[PDB]
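To begin, one chain is listed below as structure tokens, in the form deposited in one PDB entry.
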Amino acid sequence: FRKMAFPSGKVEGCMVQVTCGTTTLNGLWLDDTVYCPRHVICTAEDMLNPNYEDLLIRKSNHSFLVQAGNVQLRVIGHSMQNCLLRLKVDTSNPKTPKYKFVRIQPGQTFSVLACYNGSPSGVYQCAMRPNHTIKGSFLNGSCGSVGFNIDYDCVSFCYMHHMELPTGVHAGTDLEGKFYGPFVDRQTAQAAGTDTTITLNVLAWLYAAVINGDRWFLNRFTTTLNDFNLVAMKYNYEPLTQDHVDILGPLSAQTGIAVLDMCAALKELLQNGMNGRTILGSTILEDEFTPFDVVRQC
């Protein structure tokens, strides 16, 4: 099974660089507006505990260098939207697609277009963890990089990168400037919560394995939602709700395997191990595919 990301084309045209002083990071250019993390105005020493309102008052419109590759723009209206810097520019982006800002729930997935100083360099698919972090490994020096989904023509922007936490995981915000999780944009004592495994996704990945060719992990045992969440609690998994059962419905019908029987197959994989056998070429239980990601690829 291949981890697939959305075509990054519609997002690439919206990538600009915001340079404030010695700080340069990526920005999102939509209509006559440029979004970037508000920590761009902080000057490293100021990152320990910043006074953002105080720091913005001493910043003017000519302190921001918005650059769209060869073209340099101009700021006519600097503003602050929660943890985001909303920069009003003179020219509207001719490459602006149909866009909407959504706030994705934990367990859901998105494509990230990683850029470095306004120029896009790579694209990958990741998931929003239950503790609200992302395991993006390298978003280092890519602050401003965005997370998105695509439905035909419409781009659903949902993430902007802000922070690489002291434990190598990544923290960030939605496009309304509001953080995913309890985290602030401040270099301080920021402890991430104990990450659980996204159960729904594991079940979806197993449903995918059935469609491809792997079937050995299926047994004739059954298990209700009560007994399974008891075992899920033990192996640091997310408990499974009745809503998750309803979501897996279309994938149950396609493979002829009831969701509770699939839960019984998972229950067994946690207690009896895997014994060096690979589900879809992987020795571990992959939890970063939603049931909607499985259906769109099958």
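Sequential numbering from 1, following the sequence displayed. Definition used throughout: the rigid core is the maximal C-alpha set that superposes within 1.5 Å between two forms.
- Relative to its counterpart among 199-207 and 123-131, 123-131 has the higher mean temperature factor, C-alpha atoms as listed in the PDB entry.
- Among all modelled residues in this chain, the alpha-carbon of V259 has a temperature factor (C-alpha) in the lowest third.
- When all modelled residues of the chain are sorted by CA temperature factor, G172 is found within the highest third.
- Among the modelled residues of its chain, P50 has a C-alpha B-factor that falls in the middle third, as given in the PDB entry.
- In the deposited entry, the Cα temperature factor of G213 places it in the middle third of its chain's modelled residues.
- The entry lists a Cα temperature factor for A232 that places it in the middle third of the chain's modelled residues.
A second form of this protein, the form solved in complex with a partner chain, is not displayed here; the remarks below concern that form.
- Interface membership of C154, defined by any non-hydrogen atom within 4.5 Å of its partner chain in the deposited bound form, is ruled out.
- When its partner chain is considered in the deposited bound form, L225 lies well away from it, no heavy atom lying within 4.5 Å.
- Taking the partner from the other structure, its partner chain in the deposited bound form has no heavy atom within 4.5 Å of any heavy atom of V102.
- With a 4.5 Å cutoff on heavy atoms, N131 does not count as touching its partner chain in the deposited bound form; it lies far away.
- When contacts are defined as a non-hydrogen atom within 4.5 Å, all of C143, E164 and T188 contact its partner chain in the deposited bound form.
- Residue-level contacts in the deposited bound form: of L56, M47, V245, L270, one residue has a heavy atom within 4.5 Å of its partner chain, and it is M47.
- Comment: 156-164 is the region of 82-90, 156-164, 195-203, 217-225 lying near its partner chain in the deposited bound form, near meaning a non-hydrogen atom within 4.5 Å.
- After superposition on the rigid core, the C-alpha displacement between this form and the one not shown reaches 2 Å or more for just one residue among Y124, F101, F179, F138, namely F138.
- Compared with the form shown here, the Cα atoms of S137 and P120 move at least 3 Å closer together in the deposited bound form.
- The pair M128 and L139 separates in the deposited bound form: their C-alpha atoms are at least 3 Å more distant from each other than in the form depicted.
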